[PDB]
Amino acid sequence: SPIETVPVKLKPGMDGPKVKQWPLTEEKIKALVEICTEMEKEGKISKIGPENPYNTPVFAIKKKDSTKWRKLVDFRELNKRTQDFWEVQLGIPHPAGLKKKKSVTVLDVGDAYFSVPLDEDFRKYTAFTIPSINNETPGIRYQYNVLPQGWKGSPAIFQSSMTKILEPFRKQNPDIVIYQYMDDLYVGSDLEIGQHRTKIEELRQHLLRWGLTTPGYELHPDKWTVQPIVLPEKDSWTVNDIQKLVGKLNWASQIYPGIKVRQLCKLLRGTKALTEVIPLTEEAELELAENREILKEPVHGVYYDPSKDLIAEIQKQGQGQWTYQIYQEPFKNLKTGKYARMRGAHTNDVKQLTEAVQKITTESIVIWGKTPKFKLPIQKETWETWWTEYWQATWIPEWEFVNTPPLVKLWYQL
Amino acid sequence: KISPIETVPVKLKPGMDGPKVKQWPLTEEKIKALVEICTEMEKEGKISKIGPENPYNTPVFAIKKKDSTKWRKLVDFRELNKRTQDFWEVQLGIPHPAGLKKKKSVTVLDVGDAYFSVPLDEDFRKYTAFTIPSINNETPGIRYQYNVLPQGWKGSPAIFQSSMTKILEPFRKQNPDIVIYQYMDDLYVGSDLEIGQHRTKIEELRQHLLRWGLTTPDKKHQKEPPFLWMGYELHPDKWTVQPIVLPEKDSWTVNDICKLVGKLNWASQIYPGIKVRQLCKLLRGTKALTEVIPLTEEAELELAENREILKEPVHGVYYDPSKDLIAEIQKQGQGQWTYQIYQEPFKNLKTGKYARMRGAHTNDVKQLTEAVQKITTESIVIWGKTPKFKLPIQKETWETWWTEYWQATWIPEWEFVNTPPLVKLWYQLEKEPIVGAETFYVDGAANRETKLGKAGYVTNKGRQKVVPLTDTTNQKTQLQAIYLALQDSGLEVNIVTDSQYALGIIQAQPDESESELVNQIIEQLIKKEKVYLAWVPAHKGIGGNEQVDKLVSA
DNA sequence: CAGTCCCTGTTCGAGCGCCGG
DNA sequence: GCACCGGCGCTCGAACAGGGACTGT
Ligand SMILES: Cc1cn([C@H]2C[C@H](O)[C@@H](COP(=O)(O)OP(=O)(O)OP(=O)(O)O)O2)c(=O)[nH]c1=O
Ligand SMILES: [Mg+2]
Ligand SMILES: [Mg+2]
Ligand SMILES: [Mg+2]
Ligand SMILES: [Mg+2]
């Protein structure tokens, strides 16, 4: 709806997104057609022809505590292509405070963008296409007229108005922290579990009051905490046990350079049978516990660098357990952690992977204000086929796939 | 009649001008036959005569049409296509008859002179200038530019399809129950109306299309049960493919094996059992398309086996959304799979084939899994849903696989079908080291400058063995040493290596491979009873590993 | 110890064909 | 001496990555 739009540039050297629309299920094409026919009548999107060379895929998800479908667009590409606009020109400050909070509620304030108009010279970049079941008709192309939900540039433009709406609430609640990441609003407090819930209720009202709708849940930062690398505690040690132990230690030495293995290798002199029991020597016993000591106190010299990318590797541990590590430069981890099976959901390794992905990303937003690039333990096709069945987030992070077997039953396990 | 629809605004890539390429000399038959096409279009206003103010030129030619008699004017815009702005292709795929639902009345129409009935952007008409040379080249030939959509330009299909959708948008509003499968100018219009009342909407649709410039000549399938649409023959109950003639010849060139695999693949759509892997092996080693290649023995068998599937009529039934979708998979040969999507026992919808060899070292399970995926993906494309699978694998085989594998894996709702050859895991390495089994420490090195190498083992009991190797690599030698440790051992072995690479291959439990060395290491592991494989860090003081390292150094 | 070579494994797009228009 | 666009298959080569050796000051 008309006022004054902001001139949005693309970096001279980069071209707009040109991504192919992947296949969608009937249940969700129908959903998209309805949402799009609605959104067009309202004037949010417009029909375009093939002379617009750009595309960005669309789909639909079904959020938790919702039976209504949500139109999600995979803007990942356009974001990479407009990062000077959203990171440099119009940055959104990240508070180091919500990490230190007790409870943080996330709010889907994405609805607010549909009021603000998008620059004409940019509407072209936000083009998408709905497919048709069994290719009855060619795809129906559309483009945004308003700010899009999924673009990292929408909150950037809305900052102006968002800070105004939020100021009277902040003036009387200076102790409460509000961070904005895309369609979401992270709101944290050092208050009581019950009093938090009502301040959130007041905030909802405050926004609903300023014209913005917002249709235990909430995150507990300090209830996550970094889990260490740990060595087993055997009563008696075998040849095999010592070798597996030496392996763990050898890779671990790439993280903590002070770990010595010498005396453990001294116990392994000559070709012994794998199940022969070797008792521990005086110095071997000292090196065991001394190495364990270095794995008790985490690696020093781990500083976030806001220009460098966040990287995350996940490991499938089996029986519903999944471990993760986030770093920027290898062996120098910023955060490490587990991921347990949620109560009531059916066992599907992909649901678990996607769930894990979303958790870690949320943590990464809350902690750093950025999303990580994921090194996923799954084959490309397997993921590309079922990830959208379990997705419930408004953002989508970067990912690559990796096949790497567990040589040393992953430093992370039992 | 040319369409009164608004033009799609076209631009040329920034800083580039239009084509100034000369017309090549043509055949007298073709030139004479192209003057008729151009005279017909001028009087109909489809092209326009241009004077000395148009510096552009592009060559034209003509191809014969599918049913002959009439020509097709083509323009070699390979040059303008380069200087023209990119488009976004609106055609996302080819419609499949297995996706069509059972209709009471059908009529498939084709729109004659399709592209030559849609306006071209008034501003862009200049670069679409061509030249028809005279009968014997006297003075200049007639010039001409386009006022309509040219056959051979990058922008043409996307603009036409898009222009066809805007044409059928008003008619569909007034007729929601009518299914118009539109692919270019080929409209399969199908309804649940009675034959008399159906034929009336078709005349309303015909008249609608003629108000829009789009003519439908009297070569529109009326009510003729053998409807030829999209390379198929559609009967009211069932559909089949159009006649597929596979050519028999004594000597074959590489261009022919390409043509045969492509034909065979097309026919995989509904003829179950098609195999191409051995025929496809003849395209290996690049070579010329003109060069003759001899048909090997295993490929002669396959072409004969495929010839046998083809001389039999097979049909596929249409879709019933009130009934659910079933997909079934069979193992063919090595790395080859066939599936079939049905709703009822002998009544198939579509059949298929999965033969991709992704990776150097895979297994049946891994392959069955990517087969399941290929279907799921294309099922969502045709019916908008995923099917229930009937798979040749045990619930317990699958369970041992996924719970033990390091990648995340999943196959949808499926049921075990007891149809041999079954998909199984041929071995399973031990979680813990075998007590009462000999421990084999293995390593194997190679000199990268002389291409020579050694590979061997040393055991706890005192057993030892090193072997010289000819044209090896450092990785092959470490693989050779696992092979040795497996030959010279009992039913129960314990092998300990310092190679990530090798162990990595074996941990993934391969049952096939591109490498013969790896193939026989598998053959050996299957022959065993209990095998425990483990890893150790290279240049550390691991007594056992250290001993073999020295031995393989010279 | 660091670059550097080789091996081996990937992923992408190109090229050819098939079918459709 | 020959156009376009789409989907699929199949092979090849480019580009890239990781590990183990090598070499070198
Ligand atoms: C098969 C084919 C189609 N096309 C496009 C352009 C045609 O206008 C359109 C439809 O092709 P056809 O319908 O096969 O040809 P047409 O409609 O122009 O004329 P008619 O009905 O008289 O056969 O498809 C090409 O550009 N080249 C081709 O070789
Ligand atoms: Mg036609
Ligand atoms: Mg046609
Ligand atoms: Mg060695
Ligand atoms: Mg060595």
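- Per the PDB record, this model was obtained through X-ray crystallography at a reported resolution of 3.2 Å.

1. What about the overall build of chain B?
And then number 1: Secondary structure assignment for chain B yields 13 helices and 21 strands.
And then number 2: For a compact globule of 554 residues, the expected C-alpha radius of gyration is about 24 Å, and chain B comes in at 32 Å, more than 25% above that figure.
And then number 3: Taking the principal axes of its C-alpha atoms as reference, chain B extends roughly 100 × 60 × 50 Å.
And then number 4: Counting all 554 residues of chain B, 51% fall into the buried class.
And then number 5: In chain B, once contacts between residues fewer than 6 apart in sequence are set aside, the share between residues at least 24 apart is 70%.
And then number 6: A total of about 27,800 Å² of accessible surface is found on chain B, and carbon and sulfur atoms cover 51% of it.

2. Description of the protein's contact with DNA strand C
All names here are of chain B.
And then number 1: In the vicinity of DNA strand C lie 24 residues, with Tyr183, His361, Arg448, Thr473 and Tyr501 positioned nearest.
And then number 2: Restricting the count to atoms of DNA strand C within 4 Å of the protein gives a sugar and phosphate share of 84%.
And then number 3: The contact in question runs from a base oxygen of DNA strand C to an N or O atom on the side chain of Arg448, over 2.7 Å.
And then number 4: At the level of secondary structure, the elements contributing two or more residues to the surface near DNA strand C comprise helix 5 (254-266), helix 10 (474-487) and helix 11 (500-507).
And then number 5: Here the surface near DNA strand C is built from residues that sort into 10 nonpolar, 6 polar and 8 charged.

3. Describing the site of ligand 1
Residue and element names in this part refer to chain B.
And then number 1: The environment of ligand 1 is formed by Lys65, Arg72, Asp110, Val111, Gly112, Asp113, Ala114, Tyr115, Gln151 and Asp185.
And then number 2: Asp113 is positioned such that a nitrogen or oxygen atom in its backbone is 3.1 Å from an oxygen atom of ligand 1.
And then number 3: Between an oxygen atom of ligand 1 and a side-chain N or O atom of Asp185, the distance comes to 2.7 Å.
And then number 4: Contact with the protein chains hides 62% of the accessible area of ligand 1, taken as 560 Å² for the molecule alone.
And then number 5: Spatially, ligand 1 is embedded in the second largest pocket.
And then number 6: Shared between two domains, the shell around ligand 1 holds at least three residues of each, these being domain 1 (1-90 + 116-156) and domain 2 (91-115 + 157-225).

4. Quick look at the nonpolar core
And then number 1: Ranked by size, the top nonpolar core spans 89 residues in total, and within it A:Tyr144, A:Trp151, A:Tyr186 and A:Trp391 carry the most contacts.
And then number 2: Sorting elements by how many residues they give to this core places helix 10 (residues 349-368) of chain A first, with 9 residues.
And then number 3: Look past the residues within four positions of A:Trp391 in its chain and what remains in contact with it is A:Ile61, A:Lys62, A:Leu72, A:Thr354, A:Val357, A:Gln358, A:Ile396, A:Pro397 and A:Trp399.
And then number 4: Counting residues in each nonpolar core, the second largest holds 64 residues, with A:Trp237, B:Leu479, B:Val518 and B:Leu525 among its members.

5. Some points on the interface of chain A and chain B
Size of an interface, as often reported, equals the accessible area lost when the parts are brought together.
And then number 1: Counting from both sides, the interface comprises 64 residues of chain A and, opposite them, 68 residues of chain B.
And then number 2: Between the two partners, chain A and chain B, sit 2 salt bridges.
And then number 3: Residue A:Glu381 pairs with B:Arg358 through a salt bridge whose shortest N-O separation is 3.2 Å.
And then number 4: In this assembly, chain A and chain B are joined by 27 residue pairs in polar contact.
And then number 5: Contributing elements (two or more residues each) for the side of chain A that touches chain B: helix 7 (239-252), helix 10 and helix 11 (380-386) of chain A.
And then number 6: The biggest single contributor to the side of chain A that touches chain B is helix 7 of chain A, with 7 residues.
And then number 7: A breakdown of the residues in the side of chain A that touches chain B according to their chemical character gives 27 nonpolar, 24 polar and 13 charged.

6. Considerations on the sheet that holds strand 5 (residues 127-130) of chain A
Working definition: the strands of a sheet are paired by backbone hydrogen bonds and lie parallel or antiparallel to each other.
Residue and element names in this part refer to chain A.
And then number 1: If you walk across this open sheet you meet the 3 strands as 1-6-5, and the pairing is antiparallel. This sheet does not close on itself; its edge strands, each paired only once, are strand 1 (45-47) and strand 5. The average undirected angle you get between the axes of adjacent strands in this sheet is 35°.
And then number 2: One ladder, built from 4 bridges, connects strand 5 with strand 6 (residues 140-144); its direction is antiparallel.

7. Comments concerning the protein's contact with DNA strand D
Residue and element names in this part refer to chain B.
And then number 1: Neighbouring DNA strand D are 31 residues, the closest being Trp24, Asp76, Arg78, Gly285 and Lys353.
And then number 2: The share of sugar and phosphate among atoms of DNA strand D within 4 Å of the protein is 77%.
And then number 3: At a separation of 3.4 Å, a phosphate oxygen of DNA strand D approaches a polar backbone atom of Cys280.
And then number 4: The separation between a sugar or linking oxygen of DNA strand D and a polar side-chain atom of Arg448 is 3.1 Å.
And then number 5: Class assignment for the residues of the surface near DNA strand D results in 12 nonpolar, 9 polar and 10 charged.

8. Observations regarding the layout of surface pockets
Residues and elements named next belong to chain B.
And then number 1: Computed from the structure, the second largest pocket encloses a volume of approximately 2,100 Å³.
And then number 2: Of all the secondary structure elements, the ones that give two or more residues to the lining of the second largest pocket are helix 1 (28-43), strand 3 (71-75), strand 4 (105-110) and strand 8 (227-229).
And then number 3: Looking at which element gives the most residues to the lining of the second largest pocket, the answer is helix 1, with 5 residues.
And then number 4: Tallied by class, residues from the lining of the second largest pocket come to 18 nonpolar, 11 polar and 18 charged.

9. Description of a positive patch on the surface
And then number 1: On the surface, a cluster of positive charge is contributed by A:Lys234, A:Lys244, A:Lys409 and B:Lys431.
And then number 2: On the secondary structure map, B:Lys431 appears in the loop between strand 16 (414-416) and strand 17 (438-446).

10. Quick notes on the environment of A:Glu192
All names here are of chain A.
And then number 1: For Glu192, the location among the structural elements is in the loop between strand 8 (184-189) and helix 6 (193-209).
And then number 2: Since its relative accessible area comes to 46%, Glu192 is described here as partly exposed.
And then number 3: For the pair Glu192 and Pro53, spaced 139 residues apart in sequence, the C-alpha separation works out to 53 Å.

11. Brief notes about empty space enclosed by the protein
And then number 1: What the largest cavity holds in volume is close to 80 Å³.
And then number 2: Lining the largest cavity we find A:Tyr339, A:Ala340, A:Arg341, A:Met342, A:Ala345, A:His346, A:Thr347, A:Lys351, A:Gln352 and A:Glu355.
And then number 3: Residue classes in the lining of the largest cavity are distributed as 4 nonpolar, 3 polar and 3 charged.
And then number 4: Around the second largest cavity, the lining residues are A:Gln379, A:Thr382, B:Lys366, B:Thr369, B:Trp401, B:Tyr405, B:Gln407, B:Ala408 and B:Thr409.
And then number 5: Of the residues that constitute the lining of the second largest cavity, the class distribution is 3 nonpolar, 5 polar and 1 charged.

12. Focus: the domain arrangement of chain B
Residues and elements named next belong to chain B.
And then number 1: Assigned domains of chain B: these are domain 1 (1-90 + 116-156), domain 2 (91-115 + 157-225), domain 3 (226-319), domain 4 (320-426) and domain 5 (427-554).
And then number 2: The centre of domain 2, based on its C-alpha atoms, is set 36 Å off from the matching centre of domain 4.
And then number 3: Contact with domain 2, which involves 4 residues of that partner, is made by 5 residues of domain 4.
And then number 4: Taken over both partners, the interface formed by domain 2 and domain 4 buries close to 410 Å², and the fraction arising from carbon and sulfur atoms is 69%.
And then number 5: Where domain 2 packs against domain 4, one counts 0 salt bridges.
And then number 6: Taken together, domain 2 and domain 4 are joined by 1 residue pair in polar contact.
And then number 7: Of the residues assigned to the side of domain 2 that touches domain 4, the class counts are 1 nonpolar, 2 polar and 1 charged.

Rules used throughout
Numbers given for residues start from 1 on each chain and follow the written sequence, which can depart from the numbering in the entry; residues without coordinates are excluded. Chains carry letters and ligands carry numbers; both start at the beginning, A for chains and 1 for ligands, and go up in the order they are written. Values reported for side chains reflect all heavy atoms of the structure, with hydrogen atoms and water molecules removed beforehand. Under the scheme used here, helices are H or I runs from DSSP no shorter than 4 residues and strands are E runs no shorter than 2 residues, and both carry numbers assigned from the N terminus. Only the C-alpha atoms count toward the radius of gyration. The rule for a globule is 2.2 Å times the residue count to the power 0.38. Relative accessibility under 20% of the residue-type maximum defines a buried residue, over 50% an exposed one, and the middle range a partly exposed one, all with a 1.4 Å probe and only protein chains included. Contacts between residues were defined by any pair of non-hydrogen atoms, one from each residue, lying within 4.5 Å. The Shrake-Rupley method, run with a 1.4 Å probe, gives the accessible areas here. Residue values count only the displayed protein chains as cover. Residues are labelled near a given molecule or strand when at least one of their non-hydrogen atoms is within 4 Å of it. For this analysis, a polar contact is any N or O atom pair within 3.5 Å, provided that within protein one partner can donate a hydrogen and the other can accept it, and provided that sequence-adjacent residues contribute only side-chain to side-chain pairs. Each residue is assigned to one of three groups, with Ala, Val, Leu, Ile, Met, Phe, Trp, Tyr, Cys and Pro labelled nonpolar, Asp, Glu, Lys and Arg labelled charged, and all others, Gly among them, labelled polar. Detection works on a 1 Å grid of protein atoms alone, calling trapped sets that fit a 1.4 Å probe cavities and calling open sets with protein on both sides within 12 Å along at least five of seven lines pockets, with lining residues defined by an atom within 4 Å of a point. Assignment to a cavity or pocket requires that more than half of a molecule's atoms be within 2 Å of the site's grid points. Bear in mind that the domain bounds are from an automatic or database domain assignment. We define a nonpolar core as any set of buried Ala, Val, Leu, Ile, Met, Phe, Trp, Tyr and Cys residues linked to one another through side-chain atoms lying within 4.5 Å. Whenever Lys or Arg places a side-chain nitrogen within 4 Å of a carboxyl oxygen from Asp or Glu, that contact is recorded as a salt bridge. Note on pairing: DSSP must find at least two bridges between two strands before they are called paired. Fitting a line to C-alpha atoms yields each axis, with helices limited to the stretch in contact; the angle taken between N-to-C directions then spans 0 to 180 degrees. Grid points are joined across faces, edges and corners, and a volume is the space filled by probe spheres set on the points. The residues that make up patches have over 30% relative accessible area and no salt bridge, and they are joined within 9 Å when like-charged or within 5 Å when they are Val, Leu, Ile, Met, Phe, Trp or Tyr. In this tally, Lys and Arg are treated as positive and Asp and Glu as negative; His is ignored, and so are the chain termini. The location of each charge is read from NZ of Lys, CZ of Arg, CG of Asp or CD of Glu. Put simply, buried area is how much 1.4 Å-probe accessible surface two parts lose in total, over both of them, once they are put together.

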